[PDB]
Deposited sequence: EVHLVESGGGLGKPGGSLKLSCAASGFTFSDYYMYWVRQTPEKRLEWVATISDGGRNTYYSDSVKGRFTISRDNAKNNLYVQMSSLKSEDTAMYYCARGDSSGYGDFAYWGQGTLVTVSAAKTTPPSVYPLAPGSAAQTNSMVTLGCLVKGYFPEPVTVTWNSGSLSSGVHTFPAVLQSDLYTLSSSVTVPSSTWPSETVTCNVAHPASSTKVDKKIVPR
């Protein structure tokens, strides 16, 4: 199975630099052209750059030409993009994509890595348990930048979960996440929300106990 995995995302200072990486596997990496495509917070998809199979040829969007550098390491199966002179328009989810052997379609995409360009301070979340079929929750308040990941019981409770999009207010995000379980399972069984905020190197586990 073909796989593409981006890494390197996070907070970039305006005017600063940030390097993204994309690990490819499942195909002869050196036999394909590779692309970077981004999605802005308004959900617009915009092609960023192309690099030829051998790494000798490159193409850039007008927005990023002179600032970004696309490169590849055909021995390590890695695609890169070096960003410089970061602007607010660079704030986006960045995907690495592969085409096929040739209509110009993006046949394989990565999971994406989020880049936020801002002078606002990285702040860790404060995770609060929300105790009252029963509904429980977790409030992930006052963090920056996005993203955070929330799971319930390490992923085991995935059904009946609603993790809501974060809302920004005065340079800090807040999100909530609910989990609905049959009354026979809580409080007789333990329910824990697991929060990860990679930009602040924080992981928090909060068991929901009755009041």
Gaps in the model (deposited sequence, numbered from 1): 102, 134-141
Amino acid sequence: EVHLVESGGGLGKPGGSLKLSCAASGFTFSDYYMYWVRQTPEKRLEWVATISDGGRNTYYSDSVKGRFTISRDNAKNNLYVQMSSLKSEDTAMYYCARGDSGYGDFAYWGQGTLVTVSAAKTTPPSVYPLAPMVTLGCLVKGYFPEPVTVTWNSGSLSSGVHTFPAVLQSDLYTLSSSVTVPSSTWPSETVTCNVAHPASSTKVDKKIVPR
From here on, numbers count along this sequence of modelled residues.
43-51 or 155-163, whichever carries the higher mean Cα B-factor: 155-163
Average Cα temperature factor in the PDB entry - higher stretch of 196-204, 9-17: 9-17
Highest-ranked of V148, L172, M34, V181 once sorted by CA temperature factor in the record: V181
Of the residues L79, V140, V134, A97, the one carrying the largest Cα B-factor as recorded: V134
Chain-relative CA temperature factor third for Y103: highest
Ranked against its chain, the third holding the CA B-factor of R56: highest
CA B-factor placement of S126, once the chain's modelled residues are sorted into thirds: lowest
Position of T69 among the chain's modelled residues by C-alpha B-factor, lowest, middle or highest third: middle
Third of chain Cα B-factors occupied by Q111: middle
